[PDB]
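A single chain, nothing else alongside it, follows as structure tokens in the form deposited in one PDB entry.
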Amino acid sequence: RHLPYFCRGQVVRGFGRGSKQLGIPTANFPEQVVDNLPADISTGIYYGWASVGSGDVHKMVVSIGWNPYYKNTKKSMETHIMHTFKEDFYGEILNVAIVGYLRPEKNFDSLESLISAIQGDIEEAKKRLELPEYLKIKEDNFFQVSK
């Protein structure tokens, strides 16, 4: 319904152990950004395009989940960009276009299944983003203003 969804936010640290440990870093935004997501952007795994500051636009996946830790009933969002960065980018602005949905969140019985699933999401996202309908969003003025 509300795809593509465009948003921008400062990259901020998260809690627990960071998914850098898995070789799959996931960037967070301030809760203000997540809170302004339309209700119809259900939890689950999405894909799209991202850039950092005035950088180039790269493929990405986003996980939207429920936040256990805040009162009311808040969501969480984290983005893994399919690009090798040479340094962290905490405090920079991450620009995202969420363009498609992959699947609901799932319960996994092991880290082995979870990691395999995440890697599979990343591979499927790379393929879907080649479709001309999604490939063009890479060139949206949304991103062209950020350079």
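Counting begins at 1, following the sequence as shown. The term rigid core refers to the maximal set of C-alpha atoms that superpose within 1.5 Å between the two forms.
What comes next is about the form deposited in another entry, which does not appear here.
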| item | value |
| --- | --- |
| Residue among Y90, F108, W66, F85 whose Cα moves 2 Å or more between the shown form and the other one, once the rigid core is superposed | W66 |
| Displaced residue check between the shown form and the other one: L22, CA, 2 Å or over, core reference | yes |
| Direction of Cα pair change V34-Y70 in that other deposited form, magnitude 3 angstroms or more | farther |
| Distance trend in that other deposited form - C-alpha atoms of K20 and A50, change of 3 Å or more | farther |
